[PDB]
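S.K.: First, the structure itself, so that you have it in front of you.
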Protein chains: 10
Amino acid sequence: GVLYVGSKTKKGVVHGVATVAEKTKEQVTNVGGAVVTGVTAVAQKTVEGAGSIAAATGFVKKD
Amino acid sequence: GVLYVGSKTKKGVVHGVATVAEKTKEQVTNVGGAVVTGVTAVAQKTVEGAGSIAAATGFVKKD
Amino acid sequence: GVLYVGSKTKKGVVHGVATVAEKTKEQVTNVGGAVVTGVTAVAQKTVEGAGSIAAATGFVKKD
Amino acid sequence: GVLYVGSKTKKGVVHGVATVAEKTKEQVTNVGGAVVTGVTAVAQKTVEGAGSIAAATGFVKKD
Amino acid sequence: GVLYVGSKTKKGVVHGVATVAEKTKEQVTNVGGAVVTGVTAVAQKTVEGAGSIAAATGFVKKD
Amino acid sequence: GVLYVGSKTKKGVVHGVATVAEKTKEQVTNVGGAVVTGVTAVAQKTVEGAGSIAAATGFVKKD
Amino acid sequence: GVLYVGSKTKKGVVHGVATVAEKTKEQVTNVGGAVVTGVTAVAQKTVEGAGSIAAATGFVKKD
Amino acid sequence: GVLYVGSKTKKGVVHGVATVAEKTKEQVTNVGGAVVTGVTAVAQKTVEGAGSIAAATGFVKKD
Amino acid sequence: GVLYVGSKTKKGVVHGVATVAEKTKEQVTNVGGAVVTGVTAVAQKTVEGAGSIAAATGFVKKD
Amino acid sequence: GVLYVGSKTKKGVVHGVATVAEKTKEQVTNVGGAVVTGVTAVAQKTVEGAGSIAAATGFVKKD
Ligand SMILES: [Cl-]
Ligand SMILES: [Cl-]
Ligand SMILES: [Cl-]
Ligand SMILES: [Cl-]
Ligand SMILES: [Cl-]
Ligand SMILES: [Cl-]
Ligand SMILES: [Cl-]
Ligand SMILES: [Cl-]
Ligand SMILES: [Cl-]
Ligand SMILES: [Cl-]
């Protein structure tokens with residue numbers, strides 16, 4: 001395959017993932033993949049395989 | 001396949017994932033994929049395989 | 001296949017996923033896919049496989 | 001197949017998914033797919049496979 | 001495959017992953033993938049194998 | 001004159017003046033006299049004088 | 001004059017003047033007299049004089 | 001005059017004047033008299049004089 | 001005059017004037033008299049004079 | 001005059017004037033009289049004179 005990404009900017013301001021917690025208990029931010037962040041941002045992922053598992057859970061409690 | 005992404009901007013302001021928690025208990029932000037964020041943002045993913053599982057759960061409690 | 005995405009903007013302001021929780025208990029934001037966010041935003045996903053499962057659940061409680 | 005997306009804007013202000021929870025208990029926002037958000041936003045998904053399952057549930061409680 | 005990423009900017013200001021915690025207990029930020037952040041940001045990942053597992057969990061408690 | 005006040009209690013819970021204001025504009029609680037509050041509460045006031053004025057107003061707006 | 005105040009208690013819980021203001025604008029609590037607060041609370045006031053003025057106003061706005 | 005105040009308690013818990021203000025603008029608590037607060041609380045005031053003025057105002061705004 | 005104040009307690013917990021302000025602008029607590037606070041609290045005031053003024057104002061703004 | 005104040009306690013915990021300010025602007029606590037605070041607290045004040053002025057104001061702004 002082919003990918004072309006041209007970009008042209010004067011002023012760019014980019015936040016990506018921001019968290020704020022005040023006086024809280026048990027705050028979770030969970031990302032299963034990559035975090036990719038830019039004035040120009042490109043991400044490619046390929047997974048080959050008969051039993052691929054991707055699992056993303058915030059939290060587990062037992063008992 | 002072919003992908004072309006041209007972009008042309010003067011001023012761009014981009015937030016991606018923002019969380020605020022005040023005085024809370026058990027706040028979860030869970031993302032199963034990638035987080036991709038930009039003035040120009042491109043994401044490609046390919047999964048090949050007979051039994052691919054993707055699971056995203058905020059939280060599990062037992063007992 | 002072919003995809004062409006041209007864009008032209010002067011001023012762009014983009015939020016993506018924003019959460020606010022005050023004095024709450026058990027707040028969940030759960031996204032099964034990617035989060036892709038931009039002045040220009042493009043996402044492609046391909047899944048090939050006879051028994052693909054995608055599951056997204058906020059929370060599970062037992063007992 | 002072919003997709004062409006041209007766009008031309010002066011001022012664009014885009015929110016995507018926003019949640020606010022105050023003094024609540026058990027607030028859930030659950031998205032089974034991707035979240036794609038932009039001044040120009042494009043999403044493609046292809047699923048090939050004889051028994052594809054897609055499930056999105058807010059919450060499960062037992063007992 | 002082929003990837004081309006051209007970018008042209010005058011002023012770019014980019015944050016990546018930012019966390020703030022005040023007076024909290026048990027705050028977690030967990031990223032399963034890479035964090036890639038730049039005025040131009042490019043990430044590629046390839047995974048080959050019949051039983052690939054990717055798991056990302058904020059926290060586990062037992063008893 | 002004579003005043004006798006005997007009291008005998010096991011458990012006494014006494015609030016006096018309580019105000020709650022949420023998201024309001026211009027809430028006033030105005031008391032012209034004393035506030036006297038107790039499990040046993042006694043108040044005496046004597047005013048001697050030919051032109052005694054007592055005035056209690058919540059608010060005045062002009063123009 | 002004579003005042004006698006006997007009191008006898010096991011458990012006494014007394015609040016006096018309590019205010020709560022959230023997200024409000026211009027909340028006023030105004031008491032013209034004393035605030036006297038106790039498990040046993042006694043207040044006496046004597047005013048002698050031909051032109052005694054007592055005035056209690058929450059707020060005044062002009063123009 | 002004569003005042004007698006006997007009191008007898010096992011457990012006494014007394015608040016007097018409590019204010020809480022969150023995110024508000026221009027919150028006022030104004031007391032013209034004394035604040036007297038105790039498990040036993042006694043207040044006496046005498047004013048002698050032909051033109052006594054007592055004034056208690058939360059706030060004044062002009063122009 | 002005569003005042004007698006006897007008191008007899010095992011456990012006494014007394015607050016007097018408490019203020020809490022979070023994220024507010026222009027919070028005022030104003031007391032014109034004394035603040036007297038004790039397990040046993042006694043206050044006496046005498047004012048003699050033809051033109052006694054007592055004034056208690058939270059705030060004044062002009063222009 | 002005569003004042004007698006007897007007191008008898010095992011455990012006494014007394015706060016007097018407590019202020020807390022977080023992230024606020026222009027918080028004022030203003031007391032015109034004395035602050036007197038004790039397990040036993042007694043205050044006496046006498047004012048003699050034809051034109052006694054007592055004034056207590058939180059703040060004044062002009063222009
Ligand atoms: Cl950030
Ligand atoms: Cl963000
Ligand atoms: Cl956002
Ligand atoms: Cl949003
Ligand atoms: Cl950062
Ligand atoms: Cl109260
Ligand atoms: Cl109170
Ligand atoms: Cl208090
Ligand atoms: Cl206090
Ligand atoms: Cl204190």
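Quick note on naming: the chains in the structure tokens go A, B, ... in the order shown, residues restart at 1 in each chain, and ligands are numbered from 1 in order of appearance.
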Select the residues contacting ligand 4 at a distance of at most 12 Å, based on only C-alpha atoms and all ligand atoms, then format the selection as a PDB file with C-alpha atoms, in the first residue's frame.

M.R.:
```pdb
ATOM      1  CA  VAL B  14      -6.526  20.444  19.050  1.00  0.00           C
ATOM      2  CA  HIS B  15      -7.194  18.666  22.315  1.00  0.00           C
ATOM      3  CA  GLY B  16      -7.391  14.898  22.305  1.00  0.00           C
ATOM      4  CA  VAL B  17      -8.537  13.079  25.438  1.00  0.00           C
ATOM      5  CA  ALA B  18      -9.061  15.286  28.488  1.00  0.00           C
ATOM      6  CA  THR B  19     -10.273  14.098  31.887  1.00  0.00           C
TER       7      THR B  19
ATOM      8  CA  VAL C  13     -10.614  24.360  17.256  1.00  0.00           C
ATOM      9  CA  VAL C  14     -11.206  20.664  17.929  1.00  0.00           C
ATOM     10  CA  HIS C  15     -11.889  18.814  21.149  1.00  0.00           C
ATOM     11  CA  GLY C  16     -12.020  15.047  21.077  1.00  0.00           C
ATOM     12  CA  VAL C  17     -13.176  13.193  24.185  1.00  0.00           C
ATOM     13  CA  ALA C  18     -13.721  15.352  27.263  1.00  0.00           C
ATOM     14  CA  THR C  19     -14.947  14.105  30.639  1.00  0.00           C
ATOM     15  CA  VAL C  20     -15.748  16.062  33.782  1.00  0.00           C
ATOM     16  CA  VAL C  35      -9.569   7.817  19.302  1.00  0.00           C
ATOM     17  CA  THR C  37      -8.750  13.654  16.455  1.00  0.00           C
TER      18      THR C  37
ATOM     19  CA  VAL D  13     -15.336  24.591  16.206  1.00  0.00           C
ATOM     20  CA  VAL D  14     -15.907  20.882  16.824  1.00  0.00           C
ATOM     21  CA  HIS D  15     -16.578  18.964  20.003  1.00  0.00           C
ATOM     22  CA  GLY D  16     -16.687  15.199  19.836  1.00  0.00           C
ATOM     23  CA  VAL D  17     -17.839  13.277  22.895  1.00  0.00           C
ATOM     24  CA  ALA D  18     -18.391  15.367  26.016  1.00  0.00           C
ATOM     25  CA  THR D  19     -19.624  14.054  29.358  1.00  0.00           C
ATOM     26  CA  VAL D  20     -20.404  15.945  32.543  1.00  0.00           C
ATOM     27  CA  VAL D  35     -14.252   8.006  17.990  1.00  0.00           C
ATOM     28  CA  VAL D  36     -13.138  10.102  14.999  1.00  0.00           C
ATOM     29  CA  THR D  37     -13.427  13.869  15.222  1.00  0.00           C
ATOM     30  CA  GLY D  38     -12.121  16.703  13.086  1.00  0.00           C
TER      31      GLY D  38
END
```

S.K.: Over all C-alpha pairs taken in sequence order, what does chain I look like after a least-squares fit onto chain H? Please give it as a short mmCIF file (atom, residue, chain, number, x, y, z; two decimals) with C-alpha atoms, in the first residue's frame.

M.R.:
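Produced file part.cif, reproduced below:
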```
data_model
loop_
_atom_site.label_atom_id
_atom_site.label_comp_id
_atom_site.auth_asym_id
_atom_site.auth_seq_id
_atom_site.Cartn_x
_atom_site.Cartn_y
_atom_site.Cartn_z
CA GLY I 1 -30.54 42.07 88.89
CA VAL I 2 -29.52 38.45 89.48
CA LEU I 3 -28.65 35.73 86.98
CA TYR I 4 -27.89 32.11 87.90
CA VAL I 5 -26.84 29.61 85.21
CA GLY I 6 -26.12 26.05 86.31
CA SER I 7 -25.37 23.35 83.76
CA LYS I 8 -24.45 19.68 83.94
CA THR I 9 -23.51 17.64 80.88
CA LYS I 10 -21.66 14.45 80.03
CA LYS I 11 -20.90 14.94 76.32
CA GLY I 12 -21.40 18.29 74.59
CA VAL I 13 -20.47 19.15 70.99
CA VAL I 14 -21.07 22.78 69.99
CA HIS I 15 -20.42 24.60 66.73
CA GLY I 16 -20.95 28.33 66.59
CA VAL I 17 -20.82 30.12 63.24
CA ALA I 18 -19.71 27.98 60.31
CA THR I 19 -19.43 29.15 56.70
CA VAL I 20 -18.56 27.14 53.61
CA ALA I 21 -18.15 28.75 50.19
CA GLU I 22 -17.17 26.85 47.05
CA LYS I 23 -16.70 28.49 43.65
CA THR I 24 -18.82 31.45 44.79
CA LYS I 25 -18.38 35.16 44.27
CA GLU I 26 -19.10 37.71 47.04
CA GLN I 27 -20.17 35.62 50.04
CA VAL I 28 -20.63 37.62 53.27
CA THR I 29 -21.33 36.59 56.86
CA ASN I 30 -21.85 39.66 59.03
CA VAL I 31 -22.65 39.67 62.77
CA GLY I 32 -23.39 42.98 64.46
CA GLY I 33 -23.10 41.71 68.04
CA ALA I 34 -20.70 39.42 69.85
CA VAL I 35 -20.31 35.75 69.01
CA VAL I 36 -20.48 33.78 72.28
CA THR I 37 -20.24 30.00 72.13
CA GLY I 38 -19.67 27.37 74.80
CA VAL I 39 -20.99 24.28 76.47
CA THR I 40 -22.34 26.99 78.78
CA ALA I 41 -22.73 30.36 77.03
CA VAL I 42 -23.85 33.61 78.69
CA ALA I 43 -23.95 37.09 77.13
CA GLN I 44 -25.04 40.39 78.68
CA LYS I 45 -25.05 43.79 76.98
CA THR I 46 -26.24 47.14 78.33
CA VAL I 47 -26.47 50.31 76.22
CA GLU I 48 -27.42 53.65 77.84
CA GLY I 49 -27.77 56.73 75.67
CA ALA I 50 -30.38 58.90 73.97
CA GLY I 51 -29.35 58.22 70.37
CA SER I 52 -27.84 54.75 70.22
CA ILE I 53 -27.44 53.43 66.67
CA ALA I 54 -26.80 49.78 65.84
CA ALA I 55 -26.45 49.01 62.13
CA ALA I 56 -25.51 45.74 60.43
CA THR I 57 -25.39 45.60 56.64
CA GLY I 58 -23.97 42.87 54.48
CA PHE I 59 -22.65 45.03 51.66
CA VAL I 60 -23.11 48.36 49.89
CA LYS I 61 -22.47 48.95 46.18
CA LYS I 62 -22.72 52.30 44.43
CA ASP I 63 -22.24 53.01 40.72
#
```

S.K.: Taking the backbone alone, and naming residues the way the document does, which bits of chain A are strand (DSSP E) by DSSP, as an MDAnalysis selection string?

M.R.: chainID A and resid 2:14 17:22 25:31 35:48 53:62
